[PDB]
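What follows is a single structure, written as structure tokens, with notes after it.
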Amino acid sequence: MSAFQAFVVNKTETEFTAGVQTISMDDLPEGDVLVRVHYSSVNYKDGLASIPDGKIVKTXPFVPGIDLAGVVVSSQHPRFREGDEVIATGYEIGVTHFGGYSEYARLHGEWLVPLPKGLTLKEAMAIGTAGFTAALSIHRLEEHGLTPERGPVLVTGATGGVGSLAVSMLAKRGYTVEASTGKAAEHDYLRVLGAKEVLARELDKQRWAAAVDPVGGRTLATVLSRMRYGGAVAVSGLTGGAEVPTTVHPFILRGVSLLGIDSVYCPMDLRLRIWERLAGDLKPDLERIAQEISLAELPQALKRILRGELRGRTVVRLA
Amino acid sequence: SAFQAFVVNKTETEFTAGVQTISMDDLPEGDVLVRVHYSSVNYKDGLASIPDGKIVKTXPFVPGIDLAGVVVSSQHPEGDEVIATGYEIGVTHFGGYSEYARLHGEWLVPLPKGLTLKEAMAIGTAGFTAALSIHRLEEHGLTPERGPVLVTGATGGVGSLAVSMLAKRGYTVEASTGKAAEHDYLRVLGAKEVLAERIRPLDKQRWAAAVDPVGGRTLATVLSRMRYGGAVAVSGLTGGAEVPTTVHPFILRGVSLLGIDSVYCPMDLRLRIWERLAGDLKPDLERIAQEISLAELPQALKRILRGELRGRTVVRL
Ligand SMILES: [Cl-]
């Protein structure tokens, strides 16, 4: 009792550790809500938190994991009584504040999202930050004019977390989806998620009514060449390094919008709206996208996402 | 008198591009009359063989940035084997997709010893660009002991030729392409390994130089795996839109970006590059060149435009 396991990253005098070890209740930082973590997931950002030069974590003894789903053990009066299934993504979690790769997490009441009717904690983590990023992107495109009747929608990080999830969300909304990836042997998978066409990495001059780029932008010059007049691109994520900028001219000439999607600091009112959508009209096909691993299998998954060999979504069952 | 030529034309009804017979009066002014033996198909030539290819602006025109043949009449220091590359040859002044071509002597380069007319065109603009690239890199300090050289030209004209050239030069070459069927082909040119950005493994400084023949398309990923001091030779055009780079990576590692212009290259260097092309920069053309007749030219022009031509293709008139 009061002694549980967590993936911990450390950095002393020219030495780096990253493994599952046992930690205590007192190692958890200041919070007003105590949560027993049922699930977490693996994100690329979480991969960067597991390595020294990742440029995410800037403080030593740390518990990564930007994603959380579980049950309230104890807390305060922030609208949370024990036994409540709560979700926690974004903010300082897994970056500045101890995160979800732990059996227990201690957080601020202002960061929790009461689990919407229509989602399991596992399904909530299967979606995770990635799904939130995908949902917000589509949400944002839709208030900007996107409907299935405007034309096909391109998605470029198709096999990754955000990409797989977006394809699914768009296909189930009735959109004609074209998906692009850089790995062959990924085509069948993309079609199963509902993509009508799949593109090998590389009508005249205006095919897509909208696009979703979850790779920091880095295929923007490709996406801009075949954008319809009035279209938009929702961009999010990181590349891998090596920034890829765009010219501005193509946005001006075709009246196209670039919508920066940030899942970290999204305000609570919108956050709640997105989670309602994720429980209803933007609920993806998690059975064909997500796979589950245990806390002890986590190190390997963080290596893989960093190397770019993780497809779809990976949820971590805690304990 | 009345010879054959490939003619592009565009009125206010249609666009015509076929092989018609034109006379001596159709060629524009020039002091040197060259009877063309060989020409070459180039990406640039394909754009000039089409409407919305933004290269040919005046109406009735004969494309072909590349010229090689024998002199009929001249008044500049007859029967001289000569090559013409770049300048106004593909673009503003009538080209080499014609049995005869009139040009100015300022563009002409006497065909170097150790090279054939067909070989000069197997090389052509593409080979020149590549050779001029390598050259520009070597005078920046690049040598085989600095580390491997990362081409990206792959099966572009330029690039295929770059690999062969660097391989024959003794460099370790890493070639990049997106087509899975050209892997065996790139090793025969002499590339040590074929590449299919990730931040594990350690790829963080491993290329001494780079040849980027797609308008700096791949600069963004190249730059973050350059050795401290290296350079990158960029040339040609992209498939369409322009892809910018950040400047930080250059300052950070003391890397240079070298703009390679084949079009308006100065004569003094032009000869030096061609002498090199007849010398230690002679690519193994046995594997990289192909030959077609004039009546077959339009077909290749259609293929290069849709990226269906590997290596180099010459033309016999
Ligand atoms: Cl559970």
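Following the order of the structure tokens, chains are lettered A, B, ..., residues in each are numbered from 1, and ligands are numbered from 1.
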
Q.
For segment 47-61 of chain B, find every residue with an atom within 9 Å (counting only C-alpha atoms), except residues of its own chain fewer than 2 positions away, and show them as a list in words.
A. residues 6, 7, 8, 9, 10, 11, 15, 17, 42, 43, 44, 45, 63, 64, 90, 91, 92, 93, 94, 95, 298, 301, 302 and 305 of chain B

Same residues, C-alpha atoms, saved as a CSV table (one decimal), in the first residue's frame:
```
chain,number,residue,atom,x,y,z
B,6,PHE,CA,9.4,19.6,-83.9
B,7,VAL,CA,7.2,22.7,-83.9
B,8,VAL,CA,5.1,24.1,-81.0
B,9,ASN,CA,2.2,26.5,-82.0
B,10,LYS,CA,-0.8,28.1,-80.2
B,11,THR,CA,-3.6,30.1,-81.9
B,15,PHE,CA,-2.6,24.2,-79.4
B,17,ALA,CA,2.7,20.2,-81.3
B,42,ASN,CA,14.8,17.2,-70.7
B,43,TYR,CA,12.2,18.1,-68.1
B,44,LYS,CA,12.5,21.7,-69.2
B,45,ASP,CA,11.9,20.6,-72.9
B,63,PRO,CA,12.2,23.3,-78.5
B,64,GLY,CA,15.3,21.5,-77.3
B,90,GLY,CA,15.7,25.9,-75.1
B,91,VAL,CA,13.9,29.0,-74.2
B,92,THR,CA,13.9,32.3,-76.3
B,93,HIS,CA,15.9,31.2,-79.3
B,94,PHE,CA,15.0,28.2,-81.6
B,95,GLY,CA,16.3,24.9,-80.3
B,298,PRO,CA,6.7,13.7,-78.7
B,301,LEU,CA,8.2,14.5,-74.1
B,302,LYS,CA,4.8,13.3,-72.8
B,305,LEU,CA,6.3,15.3,-68.0
```

Counting only C-alpha atoms and all ligand atoms, what are the residues of chain A within 8 Å of ligand 1, and for each of them which pair of atoms is the nearest and at what distance in Å, to one decimal? Sort the table by chain and rising number, as JSON lines.
```
{"residue": "A:38", "atom": "CA", "partner": "ligand 1", "partner_atom_place_in_ligand_line": "1 (Cl)", "distance": 5.5}
{"residue": "A:39", "atom": "CA", "partner": "ligand 1", "partner_atom_place_in_ligand_line": "1 (Cl)", "distance": 7.3}
{"residue": "A:70", "atom": "CA", "partner": "ligand 1", "partner_atom_place_in_ligand_line": "1 (Cl)", "distance": 7.8}
{"residue": "A:121", "atom": "CA", "partner": "ligand 1", "partner_atom_place_in_ligand_line": "1 (Cl)", "distance": 6.5}
{"residue": "A:122", "atom": "CA", "partner": "ligand 1", "partner_atom_place_in_ligand_line": "1 (Cl)", "distance": 6.5}
{"residue": "A:317", "atom": "CA", "partner": "ligand 1", "partner_atom_place_in_ligand_line": "1 (Cl)", "distance": 7.9}
```

(Q) When you count only C-alpha atoms, which of these residues is closest to chain B: A:48, A:298, A:293, A:73? (A)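 Counting only C-alpha atoms, the residue closest to chain B is A:48.
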
Could you make a table, as CSV, of the residues of chain B that have an atom within 8 Å of an atom of chain A, each with its nearest atom pair and distance in Å to one decimal, counting only C-alpha atoms, in chain and number order?
```
residue,atom,partner,partner_atom,distance
B:178,CA,A:201,CA,7.8
B:197,CA,A:240,CA,5.5
B:198,CA,A:307,CA,5.6
B:199,CA,A:240,CA,6.3
B:200,CA,A:307,CA,5.6
B:201,CA,A:307,CA,7.2
B:220,CA,A:242,CA,5.6
B:221,CA,A:242,CA,5.8
B:223,CA,A:242,CA,7.2
B:224,CA,A:242,CA,5.9
B:240,CA,A:225,CA,7.7
B:241,CA,A:221,CA,6.5
B:242,CA,A:221,CA,7.4
B:243,CA,A:221,CA,6.5
B:244,CA,A:245,CA,6.0
B:245,CA,A:245,CA,6.5
B:246,CA,A:243,CA,6.7
```

Output C-alpha atoms for every residue in the selection just made, as a JSON list (two decimals), in the first residue's frame.
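Output file part.json is given in full below:
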```json
[["chain", "number", "residue", "atom", "x", "y", "z"],
["B", 178, "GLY", "CA", 10.72, 7.05, -54.13],
["B", 197, "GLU", "CA", 12.88, 11.98, -40.68],
["B", 198, "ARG", "CA", 13.22, 9.98, -37.45],
["B", 199, "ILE", "CA", 14.94, 11.11, -34.38],
["B", 200, "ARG", "CA", 16.11, 8.05, -32.92],
["B", 201, "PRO", "CA", 18.61, 6.37, -34.51],
["B", 220, "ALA", "CA", 14.53, 20.48, -45.17],
["B", 221, "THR", "CA", 15.46, 16.90, -44.20],
["B", 223, "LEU", "CA", 20.06, 19.96, -43.61],
["B", 224, "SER", "CA", 19.64, 18.24, -40.27],
["B", 240, "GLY", "CA", 5.35, 22.53, -59.22],
["B", 241, "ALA", "CA", 5.29, 24.63, -56.04],
["B", 242, "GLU", "CA", 8.36, 26.08, -54.26],
["B", 243, "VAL", "CA", 9.57, 24.60, -50.92],
["B", 244, "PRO", "CA", 11.48, 27.07, -48.72],
["B", 245, "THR", "CA", 14.07, 26.31, -46.01],
["B", 246, "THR", "CA", 14.88, 27.68, -42.65]]
```

(Q) I'd like the neighbourhood of residue 296 of chain B as a list in words, where a residue qualifies if any of its atoms comes within 12 Å (using only C-alpha atoms), though same-chain residues fewer than 3 positions away should be ignored. (A) residues 6, 18, 19, 41, 97, 291, 292, 293, 299, 300, 301, 302, 303, 313, 314, 315, 316 and 317 of chain B

**Q.** Nearest to residue 259 of chain A, chosen from A:179, A:69, A:165, A:138, with only C-alpha atoms counted in the distances
**A.** A:138

**Q.** For residue 119 of chain A, the nearest of the candidates A:299, A:280, A:100, A:194, counting only C-alpha atoms
**A.**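 The shortest atom-to-atom distance to residue 119 of chain A comes from A:280.
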
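Take the candidates B:175, B:36, B:109, B:5 and check each one against residue 21 of chain B using only C-alpha atoms; the shortest distance goes to B:5.
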
Q) residue 195 of chain A: which residues within 6 Å, counting only C-alpha atoms, same-chain residues fewer than 3 positions away excluded, as a ChimeraX atom specification? A) /A:177-178,190-191

Just N, CA, C and O atoms for this one: save the residues we selected as a PDB file, in the first residue's frame.
```
ATOM      1  N   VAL A 177     -12.698  10.480 -48.290  1.00  0.00           N
ATOM      2  CA  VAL A 177     -11.367  10.709 -47.773  1.00  0.00           C
ATOM      3  C   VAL A 177     -10.278  10.133 -48.651  1.00  0.00           C
ATOM      4  O   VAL A 177     -10.362   8.986 -49.114  1.00  0.00           O
ATOM      5  N   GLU A 178      -9.263  10.951 -48.905  1.00  0.00           N
ATOM      6  CA  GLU A 178      -8.058  10.481 -49.583  1.00  0.00           C
ATOM      7  C   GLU A 178      -6.977  10.509 -48.521  1.00  0.00           C
ATOM      8  O   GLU A 178      -6.832  11.496 -47.801  1.00  0.00           O
ATOM      9  N   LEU A 190      -5.494   1.591 -44.529  1.00  0.00           N
ATOM     10  CA  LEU A 190      -6.125   2.885 -44.730  1.00  0.00           C
ATOM     11  C   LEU A 190      -7.516   2.761 -45.327  1.00  0.00           C
ATOM     12  O   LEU A 190      -8.415   3.533 -44.988  1.00  0.00           O
ATOM     13  N   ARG A 191      -7.702   1.775 -46.191  1.00  0.00           N
ATOM     14  CA  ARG A 191      -8.993   1.552 -46.800  1.00  0.00           C
ATOM     15  C   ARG A 191      -9.985   1.004 -45.768  1.00  0.00           C
ATOM     16  O   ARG A 191     -11.164   1.331 -45.812  1.00  0.00           O
TER      17      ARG A 191
END
```

Q: Enter the distance from atom CA of residue 171 of chain B to atom CA of residue 145 of chain B, in Å, rounded to one decimal.
A: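 Atom-to-atom, atom CA of residue 171 of chain B and atom CA of residue 145 of chain B are spaced 8.1 Å apart.
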
Q. With distances taken over only C-alpha atoms, which of A:260, A:214, A:128, A:99 is nearest to residue 284 of chain A?
A. A:128

Q: Enter the distance from atom CA of residue 161 of chain A to atom CA of residue 285 of chain A, in Å, rounded to one decimal.
A: 12.4 Å

Q: Assign secondary structure with DSSP using the backbone only, and return the residues of segment 30-249 of chain A in strand (DSSP E or B) as an NGL selection string.
A: :A and (33-41 or 62 or 67-74 or 85-89 or 93 or 97 or 102 or 104-107 or 113-114 or 153-155 or 177-181 or 197-200 or 208-213 or 227-235)

May I have the residues from that selection written out with C-alpha atoms, as a PDB file, in the first residue's frame?
```pdb
ATOM      1  CA  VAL A  33      -7.613  15.729  -7.078  1.00  0.00           C
ATOM      2  CA  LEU A  34      -6.085  12.264  -6.679  1.00  0.00           C
ATOM      3  CA  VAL A  35      -6.703   9.846  -9.581  1.00  0.00           C
ATOM      4  CA  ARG A  36      -6.167   6.084  -9.994  1.00  0.00           C
ATOM      5  CA  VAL A  37      -4.963   5.744 -13.613  1.00  0.00           C
ATOM      6  CA  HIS A  38      -6.734   3.044 -15.612  1.00  0.00           C
ATOM      7  CA  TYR A  39      -5.279   3.849 -19.007  1.00  0.00           C
ATOM      8  CA  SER A  40      -2.866   6.114 -20.813  1.00  0.00           C
ATOM      9  CA  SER A  41      -1.578   6.068 -24.367  1.00  0.00           C
ATOM     10  CA  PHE A  62       9.754  13.069 -13.763  1.00  0.00           C
ATOM     11  CA  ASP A  67      -2.799  11.381 -21.262  1.00  0.00           C
ATOM     12  CA  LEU A  68      -4.964  10.143 -18.388  1.00  0.00           C
ATOM     13  CA  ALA A  69      -8.147   8.200 -17.824  1.00  0.00           C
ATOM     14  CA  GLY A  70      -9.210   6.744 -14.510  1.00  0.00           C
ATOM     15  CA  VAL A  71     -11.234   7.066 -11.324  1.00  0.00           C
ATOM     16  CA  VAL A  72     -11.196   9.685  -8.525  1.00  0.00           C
ATOM     17  CA  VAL A  73      -9.863   8.299  -5.237  1.00  0.00           C
ATOM     18  CA  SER A  74      -9.820  11.534  -3.237  1.00  0.00           C
ATOM     19  CA  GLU A  85     -14.419   8.510 -14.114  1.00  0.00           C
ATOM     20  CA  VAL A  86     -12.274  11.431 -15.240  1.00  0.00           C
ATOM     21  CA  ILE A  87     -10.090  12.171 -18.278  1.00  0.00           C
ATOM     22  CA  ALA A  88      -7.030  14.413 -18.303  1.00  0.00           C
ATOM     23  CA  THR A  89      -5.047  15.499 -21.376  1.00  0.00           C
ATOM     24  CA  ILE A  93       0.517  17.114 -17.918  1.00  0.00           C
ATOM     25  CA  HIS A  97       3.351  18.297 -14.235  1.00  0.00           C
ATOM     26  CA  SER A 102       1.845   6.080 -13.201  1.00  0.00           C
ATOM     27  CA  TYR A 104      -1.746   7.197  -9.430  1.00  0.00           C
ATOM     28  CA  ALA A 105      -1.711  10.795 -10.641  1.00  0.00           C
ATOM     29  CA  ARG A 106      -2.170  14.024  -8.693  1.00  0.00           C
ATOM     30  CA  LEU A 107      -3.558  16.961 -10.647  1.00  0.00           C
ATOM     31  CA  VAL A 113     -12.874  16.266 -18.133  1.00  0.00           C
ATOM     32  CA  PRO A 114     -15.817  14.299 -16.724  1.00  0.00           C
ATOM     33  CA  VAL A 153     -10.636  15.641 -47.812  1.00  0.00           C
ATOM     34  CA  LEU A 154      -6.919  14.806 -47.742  1.00  0.00           C
ATOM     35  CA  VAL A 155      -5.208  13.383 -44.656  1.00  0.00           C
ATOM     36  CA  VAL A 177     -11.367  10.709 -47.773  1.00  0.00           C
ATOM     37  CA  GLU A 178      -8.058  10.481 -49.583  1.00  0.00           C
ATOM     38  CA  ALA A 179      -5.229   9.331 -47.356  1.00  0.00           C
ATOM     39  CA  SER A 180      -1.543   9.672 -47.951  1.00  0.00           C
ATOM     40  CA  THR A 181       1.304   7.833 -46.298  1.00  0.00           C
ATOM     41  CA  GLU A 197      -8.244   6.466 -52.146  1.00  0.00           C
ATOM     42  CA  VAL A 198      -4.702   6.095 -50.842  1.00  0.00           C
ATOM     43  CA  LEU A 199      -1.764   8.102 -52.218  1.00  0.00           C
ATOM     44  CA  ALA A 200       1.927   7.157 -52.632  1.00  0.00           C
ATOM     45  CA  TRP A 208      -9.203  18.796 -52.027  1.00  0.00           C
ATOM     46  CA  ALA A 209     -11.962  20.744 -50.296  1.00  0.00           C
ATOM     47  CA  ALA A 210      -9.909  20.499 -47.088  1.00  0.00           C
ATOM     48  CA  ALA A 211      -6.864  18.743 -45.669  1.00  0.00           C
ATOM     49  CA  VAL A 212      -5.612  17.548 -42.275  1.00  0.00           C
ATOM     50  CA  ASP A 213      -1.791  17.666 -41.779  1.00  0.00           C
ATOM     51  CA  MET A 227      -6.587  22.697 -52.820  1.00  0.00           C
ATOM     52  CA  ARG A 228      -9.983  23.959 -53.908  1.00  0.00           C
ATOM     53  CA  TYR A 229     -10.912  27.633 -53.761  1.00  0.00           C
ATOM     54  CA  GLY A 230     -12.235  28.487 -50.296  1.00  0.00           C
ATOM     55  CA  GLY A 231     -10.517  25.452 -48.676  1.00  0.00           C
ATOM     56  CA  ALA A 232      -8.616  25.034 -45.422  1.00  0.00           C
ATOM     57  CA  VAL A 233      -5.856  22.952 -43.854  1.00  0.00           C
ATOM     58  CA  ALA A 234      -5.783  21.999 -40.235  1.00  0.00           C
ATOM     59  CA  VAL A 235      -2.213  21.596 -39.111  1.00  0.00           C
TER      60      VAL A 235
END
```
